[PDB]
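Note sheet for the following structure.
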2 protein chains.
Amino acid sequence: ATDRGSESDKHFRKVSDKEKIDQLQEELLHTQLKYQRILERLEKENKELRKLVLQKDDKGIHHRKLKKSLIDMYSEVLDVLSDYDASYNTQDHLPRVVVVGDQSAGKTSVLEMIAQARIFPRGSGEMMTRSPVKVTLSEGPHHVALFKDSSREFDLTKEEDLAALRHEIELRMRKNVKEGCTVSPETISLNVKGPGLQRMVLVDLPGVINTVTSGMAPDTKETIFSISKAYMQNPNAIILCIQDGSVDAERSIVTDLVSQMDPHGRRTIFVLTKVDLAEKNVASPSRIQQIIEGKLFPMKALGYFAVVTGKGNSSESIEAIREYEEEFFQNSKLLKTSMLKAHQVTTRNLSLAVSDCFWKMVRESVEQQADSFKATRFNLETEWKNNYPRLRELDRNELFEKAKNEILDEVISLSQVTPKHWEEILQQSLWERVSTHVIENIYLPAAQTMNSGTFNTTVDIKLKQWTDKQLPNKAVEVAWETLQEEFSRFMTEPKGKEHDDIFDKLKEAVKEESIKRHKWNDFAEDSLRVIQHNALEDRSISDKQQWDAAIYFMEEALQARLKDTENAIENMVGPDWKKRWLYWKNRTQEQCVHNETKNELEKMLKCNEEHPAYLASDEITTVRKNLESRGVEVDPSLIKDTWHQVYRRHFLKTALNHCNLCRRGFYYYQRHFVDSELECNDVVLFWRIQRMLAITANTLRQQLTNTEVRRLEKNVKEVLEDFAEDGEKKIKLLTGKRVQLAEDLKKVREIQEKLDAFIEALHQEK
Amino acid sequence: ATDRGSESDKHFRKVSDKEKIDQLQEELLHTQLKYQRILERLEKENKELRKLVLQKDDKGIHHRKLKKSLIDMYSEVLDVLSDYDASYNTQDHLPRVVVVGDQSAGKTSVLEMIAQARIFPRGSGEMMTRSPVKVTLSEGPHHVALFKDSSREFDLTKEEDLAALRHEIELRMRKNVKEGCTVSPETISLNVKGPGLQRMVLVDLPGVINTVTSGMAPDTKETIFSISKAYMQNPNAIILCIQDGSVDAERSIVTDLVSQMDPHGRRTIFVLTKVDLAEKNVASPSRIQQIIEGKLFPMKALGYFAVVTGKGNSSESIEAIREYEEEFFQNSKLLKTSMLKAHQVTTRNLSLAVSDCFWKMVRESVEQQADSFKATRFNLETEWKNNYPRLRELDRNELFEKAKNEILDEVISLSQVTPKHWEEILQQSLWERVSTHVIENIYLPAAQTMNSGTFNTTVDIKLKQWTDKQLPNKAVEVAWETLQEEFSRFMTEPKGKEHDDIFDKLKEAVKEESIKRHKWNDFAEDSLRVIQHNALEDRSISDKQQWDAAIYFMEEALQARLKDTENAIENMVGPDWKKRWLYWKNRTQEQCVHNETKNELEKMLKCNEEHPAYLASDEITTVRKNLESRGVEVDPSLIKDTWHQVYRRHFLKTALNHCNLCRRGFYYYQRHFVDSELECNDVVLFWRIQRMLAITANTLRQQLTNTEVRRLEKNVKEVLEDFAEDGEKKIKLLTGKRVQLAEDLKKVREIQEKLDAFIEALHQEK
């Protein structure tokens with residue numbers, strides 16, 4: 001009967017087991033015992049195994065070394081840096097080649113010709129030219145392509161495999177775009193290999209635009225720039241600024257972006273596309289020599305190159321395009337009249353220049369960056385040691401788990417708090433809540449009568465009205481606030497050295513929610529009405545022990561109000577004479593007037609202690625007249641306030657003297673002696689109220705401990721589950737641990753492995 | 001001009017003038033202008049006295065034989081008896097002729113022939129009388145009818161007015177019947193005068209049914225007879241029995257009710273109807289003659305009569321029916337076979353017999369009952385004066401108006417409550433709501449710090465949370481509860497022996513409706529939220545007196561929690577040993593364990609006075625196992641609670657020693673050199689909350705006295721108007737003797753006033 005919810009939960013949990021354990025033991029623990037082992041065994045091994053199955057096709061020799069071309073391995077290096085941190089802050093560490101240019105300028109054809117195959121999709125000319133791809137370029141004995149995330153190898157000399165390759169890229173391309181924008185940053189990684197191909201890694205970035213039309217979002221112009229600027233920021237990047245040769249160089253759109261990362265083109269190269277279509281330029285030195293020497297641009301490049309990107313056909317084969325490129329420059333005026341120099345034309349020269357710069361800087365850059373990221377682990381280890389004693393047990397999610405368990409443990413302990421303490425809290429709160437009605441409305445008007453039956457009748461009328469209307473509602477409010485306040489205390493107590501600040505954030509979020517998901521059963525108001533009456537209903541003090549308990553409670557309740565009245569009267573009337581000459585506590589004029597009015601009312605009460613609270617109005621006038629006659633200024637309001645305080649003091653102190661006489665009054669009632677003024681009936685009232693306070697507190701406690709506290713535990717578990725699923729709450733609560741710093745120390749281990757193995761391969765090839 | 005009484009008066013004059021031209025007053029003027037014309041222009045015509053002169057002529061010398069007719073006064077006498085008592089008992093005091101008959105027997109045709117006008121509901125084969133109608137017949141040259149309740153006179157010689165009268169009677173009959181029922185007792189009073197009419201009050205009664213026909217509602221069968229009895233039982237009345245003599249008499253039912261109501265035929269007159277129809281459809285001798293002879297039924301009669309009611313046509317005139325009557329009784333069986341008496345047939349003989357018997361019965365019974373009605377008015381005087389010697393003929397509507405005035409005056413008196421009274425109640429309640437939280441949540445954790453900045457940080461955390469989410473919600477509860485409670489008290493608490501409780505019921509009824517309709521304004525919570533904050537935000541104690549008041553307030557709080565802690569300790573640890581020798585009053589076993597734990601914990605605090613408020617699990621275990629070594633049986637919760645009490649005792653006594661220290665120097669606080677030097681953040685804290693509580697109380701008081709009390713008065717006026725609308729809401733408590741007794745006194749005086757002139761006319765006119 002003390003608690004019932006836990007029994008129900010255990011019962012139905014056992015029933016669920018009895019019916020479904022032959023499945024639940026298999027699903028819940030059997031497999032899960034090995035679950036931590038499974039993760040490595042299942043997926044990781046698989047990714048390795050299929051790779052071996054592909055490598056087994058090659059049939060490489062054991063201990064041969066030189067397993068892969070160095071650049072193919074540097075592709076993994078760049079990929080691991082991208083995965084660890086995709087922000088430019090980490091991209092800046094290693095060399096890259098950026099392929100950027102005006103929208104639909106043929107820059108994709110430039111990259112594909114460098115790659116010696118039509119590897120990227122060109123389905124459309126609007127949305128398919130404004131999305132990123134990345135391709136590594138490697139030496140090989142055969143032109144073959146392989147994705148990071150696929151075991152399939154693509155034959156780059158056949159239309160079917162090139163089409164499938166373009167299809168996979170396209171499937172990634174047409175989805176890695178914000179809706180409407182059609183432009184979003186994302187990584188697609190392909191490794192393209194073959195004879196004649198250099199040691200590079202090229203990133204094709206969304207085509208650059210200057211205006212927006214009805215078929216595109218207005219933000220599209222800015223988003224492209226944001227992507228375009230992201231990879232250009234790399235100080236170790238070679239930026240291929242690819243411009244459509246059919247339009248004025250002064251009108252280049254990409255240039256105005258490149259100048260934001262390299263204001264003078266120090267690390268940039270100029271690429272002139274559509275050379276065999278822009279006849280107005282390739283046939284005239286006055287434009288070409290400025291465009292290719294670096295006089296028509298603000299950019300002073302690493303080099304300047306001219307290429308043929310296709311004769312307006314977005315789907316033209318790369319092989320035909322390269323053959324036509326080699327034929328065109330010979331056909332064109334440009335070679336004869338030396339407006340373009342032989343090393344400034346065709347795919348070969350551009351590829352070789354960018355390859356030499358990129359790969360030299362790659363060799364030195366990884367030799368540097370292996371130690372850079374290893375040094376970053378050493379730098380991460382100084383901070384982590386200094387911040388906390390070396391420890392990695394905790395985690396952000398584990399903070400939620402630990403605060404959850406702390407909260408549920410405190411809620412349970414709350415449910416098993418010694419009940420007696422619950423009743424003590426409820427009893428004291430109830431008395432503080434009710435004493436105002438007890439004395440001001442019930443006792444004060446009732447005990448002024450000259451008949452015990454009228455005392456009890458006034459008391460009982462006020463008690464019936466009060467126990468029916470306000471008192472039950474007040475008791476229910478007290479119980480609600482008691483439960484919520486004790487819950488708050490358990491959630492927040494700074495338990496000395498055993499307190500943890502980190503969890504506090506959750507304790508506040510749950511404490512608020514758990515309270516709002518609980519409501520107290522309103523029916524209590526009616527039950528209390530009955531119960532309260534019953535506790536009052538006992539008016540019979542049968543023996544000395546209950547007589548003394550009754551007198552005790554009456555003395556306590558009346559002494560509190562008497563002390564309050566006496567403090568008010570002391571402030572109102574002023575200091576005594578002793579203070580006035582020993583501490584020079586001189587009275588104010590109001591205090592003197594109040595003192596004289598008090599003296600008038602007090603002589604009246606001293607002569608006749610039976611006087612009721614209410615005077616005649618002509619009595620007020622008489623008091624004013626006498627006070628004025630002696631020389632005291634007084635008005636009916638001063639008399640009424642002084643009268644109220646003074647009569648209450650007289651009333652309560654007379655009640656306590658009646659306590660002093662009740663303590664030794666029993667003979668009068670044995671004898672029925674007629675001259676006996678003493679009748680001790682207030683004692684019964686305060687006895688009844690003490691017992692009613694006890695009964696109300698205990699009933700509220702029982703409702704709390706068997707019905708409401710278990711509902712609170714259920715609501716708290718619901719709140720904790722809802723917060724556990726909420727990722728945002730975990731992000732914005734329980735954030736204090738230093739584990740985040742250690743996560744970098746551990747995660748950069750992939751970058752550390754790729755870079756060191758690349759250094760070893762560098763030495764092996766040399 | 002500032003603080004000048006005359007200037008204040010002039011400002012008040014301006015403010016009152018603007019209110020005098022308020023939109024309320026302007027709309028009152030605009031609506032009043034139309035109202036002066038609406039329900040107006042009657043007055044100028046009313047001034048003429050010609051109508052009054054005609055009424056005087058009717059009352060005094062009407063210069064025509066009709067004047068001062070004694071039967072005419074008897075009609076008013078019976079009407080005023082009906083007014084005195086809806087219940088039949090008193091209406092039975094005075095004679096009248098009550099006419100009952102078989103349903104659809106033609107009784108209304110008989111009553112029309114006697115009244116000589118088509119003034120009764122006439123129809124073919126249908127219930128004609130459904131609610132009884134009392135028509136009084138008197139002689140006069142003007143054959144005119146007039147309702148008791150109307151001013152329209154109906155000319156009884158013309159069909160338009162006769163039909164209007166009949167259908168108005170039908171409508172009144174229906175309006176006396178509840179929806180879904182057909183028959184009702186309420187009597188319609190029509191005064192009919194014309195030549196040849198006899199002095200005869202005649203009461204048509206709902207037709208009696210052997211059984212309900214299917215179309216008719218069943219109700220009638222029980223209703224009809226009861227109604228008939230109500231009028232039939234009159235010991236001073238004549239029974240005129242109308243029976244259908246053209247049908248099998250075995251099917252008749254009226255004679256059974258007549259025999260029940262007059263077993264001896266003391267004033268019973270029997271009449272057959274439909275005699276002309278009976279000529280071809282005569283009721284067989286074997287059943288009808290035994291009725292005429294009083295043998296089939298106990299009914300005896302003053303004579304057995306018969307009249308013709310027509311041939312079933314509803315439009316038949318009086319003269320036609322009488323002619324047909326004469327032909328029938330000359331030629332038909334009712335006389336030739338000697339059932340009915342020749343002097344007892346035809347309309348004239350029945351009318352004359354009824355008038356003679358009626359007026360002799362009147363002369364004999366009305367004088368006795370008129371002396372008895374003088375006795376009746378003195379009898380009402382006897383009881384009434386005893387009931388209400390001070391007040392005579394008081395009515396519930398008058399009482400409601402008086403209560404409305406008193407209650408609105410009580411609201412105004414509530415406005416008169418001094419502002420300090422409201423502020424005192426509000427502040428005391430407000431402080432009761434937070435002080436425990438002030439120490440438990442702020443002071444205890446704040447005062448344990450080694451850095452007063454964290455003391456103040458704990459202060460500010462708790463105070464800011466409470467101000468943002470709690471204080472503006474507690475303050476409004478305190479204020480609106482305070483207004484409700486004081487509103488209740490002004491309306492109920494007697495001002496000594498001079499209190500009049502007559503309107504206490506009405507006051508209580510107004511109270512709940514007014515409070516429910518009225519609300520405390522929503523805005524308050526925001527303003528309080530700001531105001532409270534600022535009162536706390538100011539941390540600077542302006543002067544020494546304020547600093548001392550802060551220390552006194554702090555001493556109150558700390559002393560209260562210290563005494564509570566000490567009493568809780570005595571509750572758990574049990575009696576002292578000195579108490580054992582003194583009163584033989586010792587520790588219980590649990591109290592023994594508690595005290596031993598307390599002594600060990602007090603040793604701990606003696607060794608370390610700065611021990612933190614929280615015992616760690618190792619400290620708790622040290623206490624547990626040391627007491628177990630002592631043999632005392634201790635557990636972690638016993639020690640946790642005993643430690644809380646003991647430590648708070650130590651902490652609060654130290655806080656009161658600091659109270660004493662802080663008096664000398666606020667500057668020592670300003671120094672903030674070291675903990676040993678005075679560190680009185682405590683005094684400034686209790687000062688800040690002093691300001692918060694006082695300003696909250698005064699803001700609540702101001703909104704009360706300038707916003708909510710006037711809204712309360714408006715709501716009370718509205719509620720008292722709703723009181724005006726509902727009379728039941730005036731007699732919700734069944735103590736209504738006042739109104740009923742007043743009405744009875746006035747109506748009995750009218751009864752006797754009319755009976756006096758009637759009896760004098762008996763002495764003189766006859």
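Please note that chains go A, B, ... in the order of the structure tokens, that every chain numbers its residues from 1, and that ligands are numbered from 1 in the order shown.
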Just need the residues of chain A within 6 Å of chain B, counting only C-alpha atoms, so spit them out as a short mmCIF file (atom, residue, chain, number, x, y, z; two decimals) with N, CA and C atoms, in the first residue's frame.
data_model
loop_
_atom_site.label_atom_id
_atom_site.label_comp_id
_atom_site.auth_asym_id
_atom_site.auth_seq_id
_atom_site.Cartn_x
_atom_site.Cartn_y
_atom_site.Cartn_z
N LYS A 495 25.12 18.96 -2.96
CA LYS A 495 25.48 18.00 -1.93
C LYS A 495 26.97 18.01 -1.63
N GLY A 496 27.45 19.11 -1.05
CA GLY A 496 28.83 19.17 -0.61
C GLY A 496 29.78 18.88 -1.74
N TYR A 614 -16.43 45.63 19.57
CA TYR A 614 -17.08 46.74 18.89
C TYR A 614 -17.64 47.75 19.88
#
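Between chain B and its sequence-identical counterpart chain A, the C-alpha RMSD after optimal superposition is 4.9 Å.
Residue neighbourhood of residue A:522, excluding near-sequence residues (fewer than 3 positions): residues 473, 476, 519, 525 and 526 of chain A, at 9 Å, using only C-alpha atoms.
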Could you save the residues just selected, with N, CA and C atoms, as a PDB file, in the first residue's frame?
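Result file is out.pdb:
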ATOM      1  N   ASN A 473      -9.336  23.457  -0.838  1.00  0.00           N
ATOM      2  CA  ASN A 473      -8.562  23.973  -1.962  1.00  0.00           C
ATOM      3  C   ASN A 473      -7.164  24.377  -1.514  1.00  0.00           C
ATOM      4  N   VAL A 476      -5.097  21.254  -1.006  1.00  0.00           N
ATOM      5  CA  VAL A 476      -4.663  20.664  -2.269  1.00  0.00           C
ATOM      6  C   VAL A 476      -3.515  21.471  -2.863  1.00  0.00           C
ATOM      7  N   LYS A 519      -0.324  16.633 -12.735  1.00  0.00           N
ATOM      8  CA  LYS A 519      -1.434  17.371 -12.156  1.00  0.00           C
ATOM      9  C   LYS A 519      -1.926  16.613 -10.934  1.00  0.00           C
ATOM     10  N   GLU A 525     -10.143  17.636  -3.078  1.00  0.00           N
ATOM     11  CA  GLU A 525     -10.851  18.719  -2.406  1.00  0.00           C
ATOM     12  C   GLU A 525     -12.094  18.202  -1.704  1.00  0.00           C
ATOM     13  N   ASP A 526     -12.840  17.305  -2.352  1.00  0.00           N
ATOM     14  CA  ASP A 526     -14.023  16.762  -1.700  1.00  0.00           C
ATOM     15  C   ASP A 526     -13.652  15.787  -0.596  1.00  0.00           C
TER      16      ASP A 526
END
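Taking only C-alpha atoms, the non-local environment of residue B:252 within 12 Å (same-chain residues fewer than 4 positions away omitted) comprises residues 101, 102, 103, 104, 105, 207, 208, 209, 210, 211, 241, 242, 243, 244, 245, 246, 247, 248, 256, 257, 258, 272, 283, 287, 288, 291, 296 and 297 of chain B.
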Atoms kept (N, CA and C atoms) for selection, written as a CSV table (one decimal), in the first residue's frame:
chain,number,residue,atom,x,y,z
B,101,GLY,N,-71.1,19.4,-15.1
B,101,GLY,CA,-71.9,18.7,-16.0
B,101,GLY,C,-71.1,17.6,-16.8
B,102,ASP,N,-71.8,16.7,-17.4
B,102,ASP,CA,-71.2,15.7,-18.3
B,102,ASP,C,-70.5,16.4,-19.4
B,103,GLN,N,-69.4,15.9,-19.8
B,103,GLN,CA,-68.7,16.5,-20.9
B,103,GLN,C,-69.5,16.6,-22.2
B,104,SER,N,-69.6,17.7,-22.8
B,104,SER,CA,-70.3,17.9,-24.1
B,104,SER,C,-71.8,17.7,-23.9
B,105,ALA,N,-72.3,18.0,-22.6
B,105,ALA,CA,-73.7,17.9,-22.3
B,105,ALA,C,-74.5,19.1,-22.7
B,207,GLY,N,-65.8,19.9,-18.0
B,207,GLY,CA,-66.7,18.7,-18.2
B,207,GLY,C,-66.1,17.4,-17.7
B,208,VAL,N,-66.9,16.6,-17.0
B,208,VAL,CA,-66.5,15.4,-16.4
B,208,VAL,C,-66.6,14.3,-17.4
B,209,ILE,N,-65.7,13.3,-17.4
B,209,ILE,CA,-65.6,12.2,-18.4
B,209,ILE,C,-65.7,10.9,-17.7
B,210,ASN,N,-66.6,10.0,-18.1
B,210,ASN,CA,-66.5,8.6,-17.7
B,210,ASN,C,-65.1,8.0,-18.0
B,211,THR,N,-64.7,8.1,-19.2
B,211,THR,CA,-63.3,7.8,-19.6
B,211,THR,C,-62.8,8.7,-20.6
B,241,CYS,N,-76.3,20.6,-11.5
B,241,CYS,CA,-75.8,19.4,-12.2
B,241,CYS,C,-76.5,19.3,-13.5
B,242,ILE,N,-75.6,19.3,-14.6
B,242,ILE,CA,-76.0,19.3,-16.0
B,242,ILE,C,-75.7,17.9,-16.5
B,243,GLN,N,-76.8,17.1,-16.8
B,243,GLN,CA,-76.6,15.8,-17.3
B,243,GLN,C,-77.2,15.6,-18.7
B,244,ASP,N,-76.6,14.9,-19.6
B,244,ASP,CA,-77.0,14.6,-20.9
B,244,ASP,C,-78.2,13.6,-20.9
B,245,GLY,N,-79.4,14.1,-21.2
B,245,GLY,CA,-80.6,13.2,-21.2
B,245,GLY,C,-80.9,12.6,-22.5
B,246,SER,N,-80.1,12.8,-23.5
B,246,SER,CA,-80.3,12.2,-24.8
B,246,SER,C,-79.5,11.0,-25.1
B,247,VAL,N,-78.8,10.5,-24.0
B,247,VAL,CA,-77.9,9.3,-24.1
B,247,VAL,C,-78.3,8.3,-23.0
B,248,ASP,N,-77.7,7.1,-23.2
B,248,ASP,CA,-77.9,6.1,-22.1
B,248,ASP,C,-77.3,6.7,-20.8
B,256,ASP,N,-72.2,11.0,-10.0
B,256,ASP,CA,-71.4,10.4,-8.9
B,256,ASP,C,-70.6,11.5,-8.2
B,257,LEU,N,-70.0,12.4,-8.9
B,257,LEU,CA,-69.3,13.5,-8.3
B,257,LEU,C,-70.2,14.4,-7.5
B,258,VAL,N,-71.4,14.6,-8.0
B,258,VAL,CA,-72.4,15.4,-7.3
B,258,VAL,C,-72.8,14.7,-6.0
B,272,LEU,N,-81.4,18.2,-16.7
B,272,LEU,CA,-81.1,17.5,-18.0
B,272,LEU,C,-80.9,18.4,-19.1
B,283,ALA,N,-83.2,9.2,-23.0
B,283,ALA,CA,-82.6,8.3,-22.1
B,283,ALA,C,-83.7,7.4,-21.5
B,287,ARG,N,-82.9,4.0,-16.3
B,287,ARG,CA,-81.6,4.6,-15.8
B,287,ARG,C,-81.8,6.1,-15.5
B,288,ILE,N,-82.6,6.8,-16.3
B,288,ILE,CA,-82.7,8.3,-16.1
B,288,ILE,C,-83.7,8.6,-15.0
B,291,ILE,N,-82.2,8.4,-11.7
B,291,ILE,CA,-81.4,9.6,-11.4
B,291,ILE,C,-82.3,10.8,-11.0
B,296,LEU,N,-80.8,5.8,-8.5
B,296,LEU,CA,-79.6,5.2,-9.1
B,296,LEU,C,-78.3,5.7,-8.5
B,297,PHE,N,-78.3,7.0,-8.0
B,297,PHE,CA,-77.2,7.6,-7.4
B,297,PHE,C,-77.7,8.3,-6.1
Exercise. Can you tell me, as a PyMOL selection string, what residues are no more than 10 Å from stretch 350-356 of chain B when counting only C-alpha atoms, ignoring any on the same chain fewer than 2 positions away?
Worked result: chain B and resi 97+110-111+113-115+137+197-202+238-240+267-271+302-307+343-348+358-362
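Excluding stretch 546-559 of chain A and any residue on its chain fewer than 6 positions from it, the residues at most 6 Å away by only C-alpha atoms are residues 683, 686 and 687 of chain A.
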For C-alpha atoms, I'd like the residues from the last selection saved as an mmCIF file, in the first residue's frame.
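Contents of result_13.cif, as written:
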data_model
loop_
_atom_site.group_PDB
_atom_site.id
_atom_site.type_symbol
_atom_site.label_atom_id
_atom_site.label_comp_id
_atom_site.auth_asym_id
_atom_site.auth_seq_id
_atom_site.Cartn_x
_atom_site.Cartn_y
_atom_site.Cartn_z
ATOM 1 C CA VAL A 683 -8.989 24.520 24.316
ATOM 2 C CA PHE A 686 -7.319 24.388 19.095
ATOM 3 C CA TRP A 687 -7.172 20.680 19.957
#
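For the atom pair formed by atom CA of residue A:301 and atom CA of residue A:264, the distance is 7.8 Å, given to one decimal.
Taking atom CA of residue B:415 and atom CA of residue B:25 as endpoints, the distance between them is 23.4 Å.
Closest approach to residue B:625 from the set B:428, B:597, B:465, B:458 is made by B:597, with distances taken over only C-alpha atoms.
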For this session: Tell me, as a PyMOL selection string, which residues lie within 8 Å of stretch 758-766 of chain B, counting only C-alpha atoms; anything in the same chain fewer than 3 positions away does not count.
Result: chain B and resi 70+73-74+363+366-367+370+754-755
May I have the residues from that selection written out with N, CA, C and O atoms, as a short mmCIF file (atom, residue, chain, number, x, y, z; two decimals), in the first residue's frame?
data_model
loop_
_atom_site.label_atom_id
_atom_site.label_comp_id
_atom_site.auth_asym_id
_atom_site.auth_seq_id
_atom_site.Cartn_x
_atom_site.Cartn_y
_atom_site.Cartn_z
N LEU B 70 -76.44 45.00 -5.23
CA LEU B 70 -75.77 44.23 -4.19
C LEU B 70 -75.06 43.00 -4.75
O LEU B 70 -73.96 42.65 -4.29
N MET B 73 -71.68 43.97 -5.92
CA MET B 73 -70.66 43.99 -4.88
C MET B 73 -70.26 42.58 -4.47
O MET B 73 -69.09 42.35 -4.12
N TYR B 74 -71.20 41.64 -4.49
CA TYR B 74 -70.84 40.26 -4.19
C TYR B 74 -69.80 39.72 -5.18
O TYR B 74 -68.94 38.92 -4.81
N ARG B 363 -77.70 35.43 1.77
CA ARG B 363 -78.06 36.23 2.94
C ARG B 363 -77.75 35.49 4.23
O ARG B 363 -77.35 36.11 5.22
N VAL B 366 -73.29 34.72 4.02
CA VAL B 366 -72.31 35.78 3.83
C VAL B 366 -72.21 36.67 5.06
O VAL B 366 -71.14 37.18 5.38
N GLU B 367 -73.33 36.91 5.76
CA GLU B 367 -73.23 37.71 6.97
C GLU B 367 -72.39 37.01 8.03
O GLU B 367 -71.52 37.63 8.66
N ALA B 370 -68.87 37.10 6.89
CA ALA B 370 -68.33 38.45 6.88
C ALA B 370 -67.94 38.89 8.28
O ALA B 370 -66.91 39.54 8.48
N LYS B 754 -65.15 45.16 1.27
CA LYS B 754 -66.26 44.89 0.36
C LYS B 754 -67.41 44.16 1.06
O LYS B 754 -68.58 44.46 0.79
N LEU B 755 -67.10 43.25 1.98
CA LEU B 755 -68.16 42.53 2.68
C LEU B 755 -68.98 43.46 3.56
O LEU B 755 -70.18 43.23 3.75
#
For this session: Pull the alpha helix (DSSP H) assignments for stretch 529-764 of chain A out of DSSP run on the backbone, and list those residues as a ChimeraX atom specification.
Result: /A:529-537,544-573,577-582,589-607,617-630,636-662,667-671,682-703,709-725,727-732,739-747,749-764
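Reported to one decimal place, the separation of atom CA of residue B:374 from atom CA of residue B:752 is 6.0 Å.
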